[PDB]
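One structure below.
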Amino acid sequence: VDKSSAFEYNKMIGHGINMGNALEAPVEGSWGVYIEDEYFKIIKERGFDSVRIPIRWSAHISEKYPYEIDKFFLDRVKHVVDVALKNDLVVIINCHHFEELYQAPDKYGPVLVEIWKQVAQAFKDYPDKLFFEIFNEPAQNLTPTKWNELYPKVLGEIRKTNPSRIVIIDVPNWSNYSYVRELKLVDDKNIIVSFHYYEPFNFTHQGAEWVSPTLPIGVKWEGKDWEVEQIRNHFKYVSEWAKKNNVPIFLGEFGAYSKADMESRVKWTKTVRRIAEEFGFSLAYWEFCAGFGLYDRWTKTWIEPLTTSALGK
């Protein structure tokens with residue numbers, strides 16, 4: 001009962017949640033979310049295994065080479081990781097919302113490499129329950145090809161100081177399930193591949209004003225046979241690819257915006273969770289609070305049964 005290490009670490013992700021709209025804002029708090037230490041105790045008590053923390057490193061570095069991360073910001077992230085590990089959560093820290101990387105990856109890929117050299121150096125001695133995640137949702141001009149070229153350079157710098165730490169590699173083109181086949185792997189035994197799931201997009205993003213054109217509301221999701229089979233077909237495609245490529249899969253984000261009717265949200269979330277479990281995917285719901293949120297910060301209570309849909313208990 002030799003077992004693959006990466007697959008075992010992926011199981012440690014288990015059922016997780018994203019602590020979003022916070023450190024990936026230009027300044028934490030400017031989108032209305034600020035991470036309280038108590039949040040991690042709350043998350044763990046509810047029964048989540050892990051937390052995924054979006055971080056806009058690129059908003060907190062020197063303007064010139066080698067792009068030193070601002071001390072105050074690195075200290076903040078270290079504090080937040082410390083508290084989550086203190087509450088016995090597995091923690092995934094990423095880089096997120098690097099707008100210039102999406103537009104000019106030839107110019108800004110090297111900046112990502114330098115960010116990661118620093119973050120890896122800073123976290124090198126942290127327990128193995130901290131995982132790194134090179135970049136959220138490659139897309140736009142960071143095409144599958146450019147990403148396949150870039151992420152191994154970043155991984156190389158990470159591996160200098162963190163030879164075995166789990167590093168999560170995102171599927172390109174916004175991490176949409178269907179682009180899994182465009183991802184080229186490397187010979188590294190401590191990687192996990194991640195995709196994000198928001199289909200039907202006109203359901204999960206109805207009424208979201210940041211989408212162009214804003215999509216009509218009133219779109220239902222009813223748990224009919226055909227609706228469930230659409231999701232199963234999608235996740236089967238990822239599962240067959242992952243088995244062929246000998247790599248574990250983390251469904252790093254999934255969720256339906258609050259402008260969707262609640263019963264639909266509850267049914268969709270539960271179905272996605274069950275189908276991810278059926279294929280052996282770990283998973284993180286998007287997100288703790290804000291527009292897709294499970295936790296009502298005002299009442300200091302979980303929204304139910306939506307939370308149970310995401311977590312399964």
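Computed over heavy atoms, backbone and side chain alike; hydrogens, waters and symmetry mates excluded. Nothing fancy with the numbering, it's 1 onward along the sequence.
Cation-pi geometry between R165 and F132 is met: the NZ or CZ atom falls under 6.0 Å from the ring centre, inside 45° of the normal.
A distance of 6.0 Å or more separates the ring centres of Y177 and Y179. With ring centers used as reference points, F254 lies under 6.0 Å from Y285. For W174 and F195, the ring centers are positioned 6.0 Å apart or more. Ring pair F281/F250: centre-to-centre distance not below 6.0 Å. Residues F135 and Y102 bring their aromatic ring centres within 6.0 Å. For an aromatic pair to be called close, the ring centres must be under 6.0 Å apart, and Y257 with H205 fails this. Separation of the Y197 and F235 ring centroids falls under the 6.0 Å cut-off. Between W268 and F201, the ring center distance fails the sub-6.0 Å criterion.
Salt-bridge check for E253 with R52: passed, with a basic side-chain N closer than 4.0 Å to an acidic carboxylate O. Using a 4.0 Å cut-off between a side-chain N of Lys or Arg and a carboxylate O of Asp or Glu, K71 and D75 qualify as a salt bridge. A salt bridge does not link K107 with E100: none of the charged nitrogens is closer than 4.0 Å to a carboxylate oxygen. The pair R232-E227 fails the salt-bridge criterion, with no side-chain N (NZ, NE, NH1 or NH2) lying under 4.0 Å from an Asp/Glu carboxylate O. No salt bridge links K44 with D49; every basic N to acidic carboxylate O contact stays at or beyond 4.0 Å. Note on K146 versus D106: salt bridge recorded, some NZ/NE/NH1/NH2 to OD/OE distance being below 4.0 Å.
Considering only residues two or more places apart in sequence or on other chains, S212 meets the side-chain contact (heavy atoms from CB on, under 4.5 Å) condition with none of them. When the side-chain hydrogen bond (donor to acceptor under 3.5 Å, both in side chains) test is applied to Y237, the partners found at least two apart in sequence or on another chain are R181. A search for salt bridge (charged side-chain N to carboxylate O under 4.0 Å, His left out) contacts involving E209 returns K259, not counting sequence neighbours.
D82 CG to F40 CZ: the interatomic distance, rounded to the nearest 0.5 Å, is 10.5 Å. The distance from the CG atom of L251 to the OG atom of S282 is 7.5 Å, given to the nearest 0.5 Å. Atoms OG and NE2, from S175 and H196 in turn, are 5.0 Å apart once rounded to the nearest 0.5 Å. One finds the CG atom of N94 at 10.0 Å from the CG atom of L23 (value rounded to the nearest 0.5 Å). Atom CG in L294 sits 10.0 Å away from atom CG in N18 (nearest 0.5 Å). Rounding to the nearest 0.5 Å gives a distance of 7.5 Å between OG of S164 and CG of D128.
Judged purely by atom type and a 3.5 angstrom limit, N87 uses its side chain to pair as donor or acceptor with the backbone of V83. For the pair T269 (side chain) and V266 (backbone), a donor-acceptor distance under 3.5 Å is absent. Checking side-chain atoms of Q118 against main-chain N and O of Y67 turns up a donor-acceptor pair under 3.5 Å. Side chain of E68 to backbone of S62: no donor-acceptor contact under 3.5 angstrom is found. With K189 contributing its side chain and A6 its backbone, the two residues share no donor-acceptor pair below 3.5 Å. Side-chain atoms of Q206 come within 3.5 Å of backbone atoms of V219 as a donor-acceptor pair (strictly under, hydrogens ignored). Judged by distance alone, the side chain of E133 and the main-chain N or O of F131 form no donor-acceptor pair under 3.5 Å. Put simply, the side chain of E28 gets close to the backbone of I35: a donor and an acceptor are under 3.5 Å apart.
With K184 as the partner, the side chain to side chain contact (heavy atoms under 4.5 Å, CB included) test is satisfied by one option alone out of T145, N245, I169, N148: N148.
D70 and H60 share no donor-acceptor pair across their side chains, judged by distance under 3.5 Å alone. Between the side chains of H97 and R56, at least one donor-acceptor pair of N or O atoms lies under 3.5 Å. Using modelled atom types and a 3.5 Å distance limit, the side chains of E277 and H15 yield a donor-acceptor pair. Judged by distance alone, the side chains of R46 and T308 do bring a donor and an acceptor atom under 3.5 Å apart.
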Quick one, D261 with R265, criterion salt bridge (charged side-chain N to carboxylate O under 4.0 Å, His left out). Give me CA distance, side-chain angles, the key distance, then yes/no.
CA-CA 6 Å; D261 74 271; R265 287 177 78 207; over 6 Å; no
Kindly indicate, with the supporting measurements, whether the criterion salt bridge (charged side-chain N to carboxylate O under 4.0 Å, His left out) is fulfilled by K236 and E240.
CA-CA 6 Å; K236 182 178 85 128; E240 298 175 342; 3.6 Å; yes
Dump the intermediate steps for salt bridge (charged side-chain N to carboxylate O under 4.0 Å, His left out) on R273 and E278, then the final yes or no.
CA-CA 9 Å; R273 176 190 58 83; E278 164 199 345; over 6 Å; no
Check step by step if salt bridge (charged side-chain N to carboxylate O under 4.0 Å, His left out) holds for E157 and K153.
CA-CA 7 Å; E157 286 295 331; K153 299 180 183 169; over 6 Å; no
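Between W221 and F203, the angle of the ring planes lies from 30° to 60°, which puts this pair in the tilted group. Taking the six-membered ring where the residue is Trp, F288 and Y39 present tilted rings, their angle falling between 30° and 60°.
Residues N190 and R159 form a side-chain contact, since some pair of their non-hydrogen atoms from C-beta on lies under 4.5 Å apart.
Neither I249 nor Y9 shares a network with the other; the hydrophobic side chains, linked directly or stepwise wherever heavy atoms of I, L, V, M, F, W or Y lie under 4.5 Å apart, form separate groups for each.
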